[PDB]
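Have a look below at one chain only, the form deposited in one PDB entry, in structure tokens format.
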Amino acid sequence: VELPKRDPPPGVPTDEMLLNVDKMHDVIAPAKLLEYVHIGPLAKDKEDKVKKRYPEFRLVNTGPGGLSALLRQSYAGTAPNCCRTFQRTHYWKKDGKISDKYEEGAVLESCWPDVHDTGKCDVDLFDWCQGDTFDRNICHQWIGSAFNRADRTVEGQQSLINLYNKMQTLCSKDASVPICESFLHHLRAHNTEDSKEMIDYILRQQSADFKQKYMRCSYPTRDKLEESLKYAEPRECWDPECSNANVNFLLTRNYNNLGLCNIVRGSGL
């Protein structure tokens, strides 16, 4: 009956139709929650290969022809792999090894972007920053960032209060250990009535050996104290024990008295 046939125009694929998920590890890894990452058409036999590579994401069939997208649902990064660095946002797991770069057959695992803006790393770094695993850079930056914690949410503060109590108990035993000296210094730079209160509390709890060794500017001898009464200026302005003292182990009173020494414009000592 001679039908009037007509062929459709030749197809012109879009950028989405040319997407190859096997080339998109640097596109999918920085994705955040609630964000769809289109990965182009995906054969049915390759869905398990994609879902195992990105267990944190949900594979969603968005359109015809197998058009798919990945939607981040979780962050599975662990504390030892996310907390001891401020630059690594993700890593790849393959054959029991952890790598920074992608490799075929590896499994993506990502860190929370706010892992160092909250207290999600306080427990791991409280232990890791003690003893032989102490990294001075990472641990000082961890304690310092706690004082300016972006999570002003009342739970971000409560984690801050919990860390200060743990550091207070720890540093009362020995304030010479490097993470405690870092804590004392950041309390000094915070310059509040609470932080100064905690400084004096920690320093007064130290042993007689600690005070004999580090705090002789705070606890002068009998003859040193009697001698200082003959001078109008505070003792801390001329006492060699105060010019040789570790500023992190000074009582708040001695630290304030050091800034009252009347410098003659230039070098006044």
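Between two forms, the rigid core is the largest collection of C-alphas that superpose within 1.5 Å. Start at 1 and count along the sequence shown; that's the residue number.
Omitted here: the form deposited in another entry. The next part is about that form.
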Exercise. With the two forms aligned on the rigid core, which of the residues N137, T153, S99, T133 moves its CA by 2 Å or more between the shown form and the other one?
Worked result: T153
For this session: Look at the CA atoms of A150 and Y91: state whether they lie closer or farther apart in that other deposited form than in this form, given a difference of 3 Å or more.
Result: farther
Problem set entry | CA-CA separation of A150 and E35, closer or farther in that other deposited form than in the form shown [shift of 3 angstroms or more] | farther
